[PDB]
Amino acid sequence: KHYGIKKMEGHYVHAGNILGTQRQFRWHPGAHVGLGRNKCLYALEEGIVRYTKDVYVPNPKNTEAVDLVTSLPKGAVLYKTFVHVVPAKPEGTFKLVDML
Amino acid sequence: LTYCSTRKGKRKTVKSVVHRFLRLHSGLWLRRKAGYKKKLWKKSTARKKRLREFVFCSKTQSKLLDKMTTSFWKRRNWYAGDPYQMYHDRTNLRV
Amino acid sequence: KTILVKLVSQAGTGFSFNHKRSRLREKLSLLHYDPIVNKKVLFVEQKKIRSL
Amino acid sequence: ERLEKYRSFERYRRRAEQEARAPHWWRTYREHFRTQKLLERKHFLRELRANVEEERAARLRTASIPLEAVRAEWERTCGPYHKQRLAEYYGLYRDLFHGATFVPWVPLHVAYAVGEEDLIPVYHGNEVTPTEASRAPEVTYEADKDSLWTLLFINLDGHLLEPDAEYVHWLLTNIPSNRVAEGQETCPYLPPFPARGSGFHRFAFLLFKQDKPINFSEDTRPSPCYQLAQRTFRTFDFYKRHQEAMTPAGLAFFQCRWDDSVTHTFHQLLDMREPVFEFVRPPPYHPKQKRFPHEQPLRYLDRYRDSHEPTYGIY
RNA sequence: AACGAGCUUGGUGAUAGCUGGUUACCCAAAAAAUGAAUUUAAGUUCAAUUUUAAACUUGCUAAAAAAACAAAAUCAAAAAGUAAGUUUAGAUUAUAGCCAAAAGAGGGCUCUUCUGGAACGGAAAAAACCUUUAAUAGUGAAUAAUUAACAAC
RNA sequence: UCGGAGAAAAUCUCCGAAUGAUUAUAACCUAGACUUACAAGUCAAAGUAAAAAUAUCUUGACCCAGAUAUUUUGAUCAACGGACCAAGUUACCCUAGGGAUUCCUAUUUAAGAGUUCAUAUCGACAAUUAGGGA
Ligand SMILES: [Mg+2]
Ligand SMILES: [Mg+2]
Ligand SMILES: [Mg+2]
Ligand SMILES: [Mg+2]
Ligand SMILES: [Mg+2]
Ligand SMILES: [Mg+2]
Ligand SMILES: [Mg+2]
Ligand SMILES: [Mg+2]
Ligand SMILES: [Mg+2]
Ligand SMILES: [Mg+2]
Ligand SMILES: [Mg+2]
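Residues numbered from 1 in each chain as written, not as in the entry; some residues may be left out. Chains lettered and ligands numbered in written order. Part of a larger assembly, values for the part shown. Heavy atoms only, no water.

As documented in the archive entry, the model was determined using cryo-EM at 2.85 Å resolution.

Right, dumping it as C-alpha cells:
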C-alpha cells in the first residue's frame, strides 16, 4: 500500500534509497537505478533523481514484447518513463601515502 | 507495579522485563523479534534473517522498561570476556 | 492434500530443512547447500513433521 | 493500419536508436548524462570483380585481406581523421591547447629500441613500460628536404606539485628535414617516471611545422637537467610564443604504468625519495547517529565507533 | 411494620470505567473531539498536538522552471517580506463538538474534505452572520458595520 | 481478520484467501531505505560461500506443551492484538447512571362532456416559489 513516488525529481539521494513503489510498471529502471522483487525502484549510486521519457526496446527472447514491438507502425515507436540517478561524486581520489 | 512493598517498602522489578530484554549501561534496551521461532517453513528467507536479529527499543519503550525495573538492573557489570563489553557506551554521539 | 516433510542431508551431517510435497508424489530428494560441509549434497526425506 | 509494420526486430531497433540521438522537446537521458580518382577506383573494382580466382576464393570463404597494405593505405587516405578522434577521446586537444583542435597530417612514427632489432611501435593509446623507454626512441616522419620542423615530448599528467602542468621529457628544436640528429637539444631525454599507484599517465609526441629558424633561448634548458622542478612546462604558453612560426602536424602518444625502472629514475638522477600514491575512496555515508536507534540491529553501534579496541576510562 | 430470601456485629475506609463535591491572589501559555488497538466504543494506552527547560541553525510565507497524473494539493535552486525552526530532557490533559459558507459522495437528511466564527457594536430579542489587535483612568476626537426600500403601452 | 476490482480518499457495489500446484532448490552476511502508534510487514548495493545467474506464477503474538541433535512443529485461538477452561431466563426483580415521558383543496390551462353550445354544472395531458392529510 501507499504506492507512490518516495523521492521527487531533483532530490539528493543516497545509495540504497527507494525512489518509487508500484504494483505495475508506471516507471521503468533507468541509469544507476535498480529493480526490486516487488518492482520498487532504488538508487544504486548517490546522486540526483531525474525522470525522462525514452524509447523502449525489450529483450529479444520474450515473445510477447518482441511481437508487440514488431507489430508497430513503421513511422514511430512507443516510449516509456525512466528514472535515473546522476552520480554527484568521483569514485575516489589519489593521495600521497608515504615518501620512501 | 508494586511501588511500596509490604515487607521492604521498596519498588519491585517486573520479572517479565528481566526475562525478555537486555539493558545496556548507556540506556538502550535490546529485544528479540516476536515470531522468530514460529512457522519458519512458510516464512521467506529474507523474513527469517530479519527475525533472528537483536533489535533496539524506542525512547518511550525504554522509558517504560526503566520504570518497571529497579536500580540493580541498571548498574555497570564487569564481566570477564563479556560479549557486550563494547556496547555499554556510546561513541561519537552529538545529539 | 500436501504434507510438511524433513529432508535430511546424506553427507553424514545432521543438517536438515523442511519442505512440502504432495501426498500423491513419491518421496522427495534434492540437492541443497549444507553449511557445515560447505558443499552441495543430497537431501533425502526421512520423516514427516505435519500435514499442511 | 495505413502504415506498414516493421515485421522484424532489427528494423525497429535501428529506428529506435536514431530517434534517441535526435533532440526532443521532452527531457531525455542524453541531456542529463577528385572525379578522376573516383573513375580510377571504379576501374580497379571492375578488375577485382573480373578476377574469377577472387570470386572462387570468396565463394569458398577462404579469401583473406593483407592488413599490412591496408594499414599503410589507411594512414595516407583517412587515418588522420581517426587519429583526431583518439586525440579528442583522450582529451589531448582539450588539455594541451585549451580545447583548440589541430588535425594531424604527417604519419609520424616512433619506436623504442630494445637491445636489438625488436622495435616497440608507439601508436596512439599504446601501452609501453618505463623500462623499455629508458633511452630515447627513433623518430621518422619523412619531412623531406628543405623542411624545417620541431619535436616535443610531453607527459600531460604529472608535476606532482602542480595539477595544471606538464613536464617536457625532451625538446629538439630547429630540426632540419626528416633527419633528427641535427636538432638543437634544448632538453636532454629523461626516462619515464610515473609514480607508483597513480594510474596510467598518458605521454604524447607532438611535432610542429617550423617556418623560419627561431632561437628558443628562453626555452633552452641546462643540459644535463636533473632538477625536475625546472621541467615545469605548459604547451599553451610555449605555442603562443611561437604560434606564428609553429603549427602542429603530428601526434603519437602512449600510456605507461609504474615499474622498477621508475624507482631507479627517482633515486639515481632525480635524487629524491620516490612518492607512493594509493586510491582512497570517501568514507561511507551514515545518517546522523540517534540516542535511541529504534528497530535497528546491534550492528548500529559499530557503524559510528572509531577505535576497535576497548577503553576503560576512569578504571 | 420492606423476605426472590431475616436481622445484628465483624471482614470493611468492601468495590463502583457511574452520579455528586473538591476551600486565597496575580502573571503567562494553551490544545483536541485526527489516526491506531482494545469483551473496546460512559474507559484506557500509543501516535499526533500542547507545554517547560536545554543545545545550535536555519525556519515561515512565497517558490520559477520540470518533473509524478494534469491546465494544484506533492515537490520545489536563487531571491525578497519576515523570526522563527530542528534536536535533547521532563510532563499531563485530551481522544463525543457547535453553527455558517464552499466542493463532492451516498440517498430533504446523512457521511467526507476546505474556510471562518464564539462583542461589550449592528442585524429586533440573536453562542455560530457582519464590524472589531490586548486592558487602563479621562464631562475629548475621527471612524467601522448598521431592516430597510421607492401600477409600468 | 486480510487481499483484489468500482464508486473516485467516509458508507456503498463485487470476487477471492486461511493456499495451490510447478520446480533450477533459492546460503551466510551487511550499507542505505520503504511502511508503521506499538507490534508485525517490505526492498536491497558491497563482501564471502555454493554452484556454473533463477525460484517462478498466481496468513495468528506471548505463555505453554512437544519432536528430533542443534534443528524444528503446534489454532475457523475466524469474537481473526488471541481470557487455558463457563449457557438460558426474570412480568419477583435490585443498585449505579443516561435518556425520553396517493389523496383532497385553492388557483392557471381547456382537448373532450353537456342534442346544438368549452367554462349553466363539469372536465384529459399537464401548469402553482400552491395549502393538507436476509
Ligand atoms: Mg469509591
Ligand atoms: Mg466504562
Ligand atoms: Mg481533523
Ligand atoms: Mg490491523
Ligand atoms: Mg479480546
Ligand atoms: Mg529559499
Ligand atoms: Mg516497528
Ligand atoms: Mg551482491
Ligand atoms: Mg475482541
Ligand atoms: Mg480484534
Ligand atoms: Mg404474572
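1. Overview of the overall build of chain A
The cut-off we apply is this: In this text, helices come from DSSP runs of H or I with a minimum length of four residues, and strands from runs of E with a minimum of two, each type numbered from the N-terminal end. The atom set for the radius of gyration is the C-alpha atoms, and the globule formula is 2.2 Å times the number of residues raised to the power 0.38. Burial classification: accessible surface area is computed with a 1.4 Å probe over protein chains only, and a residue below 20% of its type maximum counts as buried, one above 50% as exposed, and the rest as partly exposed. Any two residues having at least one pair of non-hydrogen atoms within 4.5 Å are treated as being in contact. Shrake-Rupley sampling with a 1.4 Å probe provides the accessible areas, and residues are treated as covered by the protein chains on show and by no other component.
Assigned secondary structure in chain A consists of one helix and eight strands. Listing the helices and strands of chain A from first to last along the sequence gives β-β-β-β-β-β-α-β-β. Its C-alpha atoms give chain A a radius of gyration of 18 Å, clearly above 13 Å, the size a compact globule of 100 residues would have. Viewed in the frame of its principal axes, chain A has a C-alpha envelope of about 65 × 35 × 25 Å. Buried residues in chain A amount to 37% of all 100 residues. For chain A, long-range pairs separated by at least 24 residues make up 61% of all intrachain contacts whose partners lie at least 6 apart in sequence. Accessible surface, chain A as shown: approximately 6300 Å² in total, 55% of it carbon and sulfur.

2. What about the packing of aromatic side chains?
Aromatic rings considered in pairs are described by the distance between their centres and by the relative angle of their planes. Condition: Ring pairs shown here join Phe, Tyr and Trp side chains whose ring centres sit within 6.5 Å, with only the six-membered ring taken for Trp; geometry is labelled stacked below 30 degrees between planes, edge-to-face above 60, and tilted in between.
One pass over the full model with this rule turns up 30 aromatic pairs over all chains. Between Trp 78 of chain B and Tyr 315 of chain D, the ring centres sit 5.0 Å apart and the planes meet at 70 degrees, which makes this aromatic pair edge-to-face. In this pair, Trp 78 of chain B sits in the segment after α3 (59–68) while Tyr 315 of chain D sits in the segment after α10 (300–303), so the two residues belong to two different chains. Ring centres of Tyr 141 of chain D and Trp 149 of chain D lie 5.8 Å apart, and the angle between their planes is 80 degrees; on these two criteria the pair is classed as edge-to-face.

3. So, the protein's contact with RNA strand E
Here is the rule we go by: Think of it this way: one heavy atom of a residue within 4 Å of a molecule or strand is enough to make that residue near it. Whenever two N or O atoms come within 3.5 Å, that pair is a polar contact, provided that in protein one can donate a hydrogen and the other can accept it, and provided that, for residues adjacent in sequence, both atoms are side-chain atoms. Note on residue classes: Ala, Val, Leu, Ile, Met, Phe, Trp, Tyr, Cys and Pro are nonpolar, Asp, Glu, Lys and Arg are charged, and everything else, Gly too, is polar.
Close contacts around RNA strand E come from 16 residues, with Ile 5, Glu 9, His 11 and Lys 53 of chain A together with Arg 27 of chain D the closest. At a separation of 3.2 Å, a phosphate oxygen of RNA strand E approaches a polar side-chain atom of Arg 27 of chain D. Sorting the residues of the surface near RNA strand E by element identifies β6 (47–55) of chain A together with α3 of chain B as the ones contributing at least two each. Here the residues of the surface near RNA strand E sort into six nonpolar, three polar and seven charged.

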